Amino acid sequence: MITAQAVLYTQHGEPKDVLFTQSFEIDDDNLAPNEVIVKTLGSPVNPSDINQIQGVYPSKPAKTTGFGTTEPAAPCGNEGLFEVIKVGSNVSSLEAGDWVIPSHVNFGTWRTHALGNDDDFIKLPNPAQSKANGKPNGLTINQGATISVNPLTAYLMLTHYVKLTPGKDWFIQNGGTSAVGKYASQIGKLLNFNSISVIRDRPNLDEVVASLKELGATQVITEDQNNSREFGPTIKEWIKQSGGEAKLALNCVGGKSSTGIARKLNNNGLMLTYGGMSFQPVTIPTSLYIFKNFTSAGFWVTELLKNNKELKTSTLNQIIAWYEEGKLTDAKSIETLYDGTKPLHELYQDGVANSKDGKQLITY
C-alpha cells in the first residue's frame, strides 16, 4: 500500500484559493493486468495549467470522488516526468525504473504518485538507458518534465505551417525570454533559420541579448525597438540583406507587440498566435491584411496532437534525439523540492504566484 498526495479542487477559481492536498492510498499489491504505478519525479507549472484550474481553458479533467473526497474533485497539471514503480502482469511496454510522461493531457501531474494504464504513458529513455545505448547525454529531470508542451510547441509552429528556406528565411517572435521562445531560438539555430526575438527591456539587457543569441536568435530587439518607426528600416535591412524573407511571426504576447511583429513580415506573411501574456487582444492594422496579404492564425498544441499520435511521436523523438546528442538545452526552471514538511498544494500555489520569476518546477 502506498500513501500518495494529490493537488485537487472541487470547483474552479484562482489556484491561490481553490487548491488543496488530498492524501490517498494506492494498492500496489493488486494492480489490474494492464495497470502501472508511477512516482512523480517532477512536474511544472505552466500558464495553461493555471487557466485550466481557473476554468477558462476548454480542456480539463473530469471531477470525481476517485481520490476519496466527499465532493467530486479534479486533479491538476498536464505534463510531468514520472518514474515507473510497478507494472501489472500483462504490461510489456513499461517496466520498473522507466521514465515516462503522460500520453495525453488532463492526467493530473501535480501529485506524488498515480495509478493508471500502461497506455496512459509514453516512455522516454532514462539516463541509464541512454548510456547503455551509447548516447553522449541523458535527459535531466527538468528536461523530461517539460518535454511535452513547450519544445513540441516551438518545433511544430516553426515546421508545420510555412516552409522556411534554410540559410535564408526568418521568423520573428515576441516573448523571446519565454521557455517556448528559448526553445524556438535553438530549434531555429538547429534548422538553420534566421530569427528575430523581441523582448521587454531590462537593466541587464546586454546579458540577456548575448544569452538569447547563444541559444540561437540571430537578432534580439526590445519592444521599444519593435514599436519604433525610426528603427524599422534597420530590421528590414537584416532581412533584405540575408537574401531571405520574414515569413513567420510567433506571438504569445498580444497587444501592441503582436502588431509590431506582424508589421515586420514580408508580404504573404503568417502569424501564429499561441499565447496572450499581456491579456490584450491581437490587433492588426487593416492595411497589413489588404496590401501585404498578411494572415493571422492560431496554434494549440493540445488540439493539434490529440488524434495524431504519429505527428506527436515524430516531434517528440526529434526533441529526445537532440537532447541525447547534446544539441538542445532546456529552458531552465526554478525548482522547489517536495519533502513532506510543507503541503504539496502550497508548493504549487507558490510556483503559481512566483511564475513571473520564470518557469517553476516542483520536484520530488
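One rule holds for the numbers: they count along the sequence shown, beginning at 1.
If you average the CA temperature factors over each stretch, which comes out higher, 43-51 or 331-339? Taking the mean B-factor of the alpha carbons in each, 331-339 is higher.
Tell me which of 277-285 and 124-132 has the higher mean C-alpha B-factor in the deposited entry. Per the PDB record, 277-285.
Of the options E245, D98, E71, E237, which has the highest CA B factor as deposited? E71 has the highest C-alpha B-factor of those listed.
Maximum C-alpha temperature factor, selected from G176, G88, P166, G80: Among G176, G88, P166, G80, the PDB entry lists the largest C-alpha B-factor for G88.
Tell me, lowest, middle or highest third: where does the Cα B factor of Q5 rank within its chain? Lowest third of the chain for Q5's C-alpha B-factor.
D118, C-alpha B-factor rank within chain (lowest, middle or highest third): Its C-alpha B-factor, which the entry lists for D118, ranks in the middle third among residues of this chain.
Using the B-factors in the PDB entry, rank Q318's C-alpha atom against the chain and give the third, lowest, middle or highest. Lowest third.
Assigned third (lowest, middle, highest) for the C-alpha B factor of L215: Ranked within chain, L215 CA B lands in the middle tercile.
Please place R229 in the lowest, middle or highest third of its chain according to the CA B-factor in the PDB entry. According to the entry, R229 has a C-alpha B-factor in the chain's highest third.
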